[PDB]
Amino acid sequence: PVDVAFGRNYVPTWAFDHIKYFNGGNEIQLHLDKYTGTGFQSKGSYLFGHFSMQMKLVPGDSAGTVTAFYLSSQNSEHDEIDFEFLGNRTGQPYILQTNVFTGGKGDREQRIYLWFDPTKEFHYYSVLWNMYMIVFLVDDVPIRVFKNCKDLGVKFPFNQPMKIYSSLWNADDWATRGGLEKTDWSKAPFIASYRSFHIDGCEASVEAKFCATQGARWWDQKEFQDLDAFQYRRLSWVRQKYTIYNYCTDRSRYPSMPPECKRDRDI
């Protein structure tokens, strides 16, 4: 991933004065207070690609805040690929929640702890999205895989171009300890920081709805049909030691296991 300026790829969409630009827009901060959070979105829409952001999360007390970095399409029956960082009281750990929506249906939450303090330094958070799979990455570690299993009747984000979004907002009702820890507004502003702003994708308008170089990009090559054995072992380590909630192994909500699990090694 190569670092460009914010304004090359992104525009603010709410509370313009709550986004602070540093070094020509090579670093930005989103601020949240009791009146408003803020958010931004990509200028373009994409069908497949590699999307990456360096982020450094809200330090100190971040209880009740959610910082989200996600791709979403725009019509009804929407597709969406989500990172949501759920903050905590001081000295208590963030959760990284992921989710995938297909045809308007989500409910595929997974939640992990991280193997570093996400407030102390910038780390990469990335999505690789091709016709074969979606991989969520934290730096070079795969934390989740969602495979294209249309052959088993399961939906996959396949023909709806998506924009990239990010935002910082309060979510008192559910973010921290299921909603027990409320935001301490005397500790505002809550500040999330961003760099890199990397977009390498198939540009495909909401109107035209397709990209001319499709099937021929570097992420369409055979090396990217699956993770290799080393990447799968990293993933299983995330699964075994860092995972606190997984919809795949949740048999109370999902009596009939999600067809994708065995392929994705979420089991």
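From 1 onward, residues are counted along the sequence shown.
*Asks:* Using only C-alpha atoms and the B-factors in the entry, which stretch averages higher, 149-157 or 103-111?
*Replies:* Stretch with the greater average CA B-factor: 149-157.
*Asks:* According to the deposited model, is the average Cα temperature factor higher in 216-224 or in 29-37?
*Replies:* Looking at the record's C-alpha B-factors, the answer is 216-224.
*Asks:* Please pick out which of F69, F51, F48, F210 has the largest Cα B-factor as recorded in the entry.
*Replies:* Highest CA B-factor of the listed options: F210.
*Asks:* Which listed residue, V238, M55, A63, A229, has the largest C-alpha temperature factor in the record?
*Replies:* Largest recorded C-alpha B-factor: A229.
*Asks:* Grab the CA temperature factor for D82 from the record and place it in the lowest, middle or highest third of its chain.
*Replies:* As the PDB entry reports it, the C-alpha B-factor of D82 lands in the lowest third of its chain.
*Asks:* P118's Cα B-factor: lowest, middle or highest third of the chain?
*Replies:* Its C-alpha B-factor belongs to the lowest third of this chain's values.
*Asks:* Would the CA B-factor of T243 place it in the lowest, middle or highest third of its chain?
*Replies:* Middle third of the chain for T243's C-alpha B-factor.
*Asks:* Looking at the temperature factor on the CA atom of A188, which third of the chain's modelled residues does it land in?
*Replies:* Answer is middle: the recorded C-alpha B-factor places it there.
*Asks:* Sorting by Cα B-factor within the chain, modelled residues only, which third would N9 end up in: lowest, middle or highest?
*Replies:* Within its chain, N9 is a middle-third residue by C-alpha B-factor, going by the deposited values.
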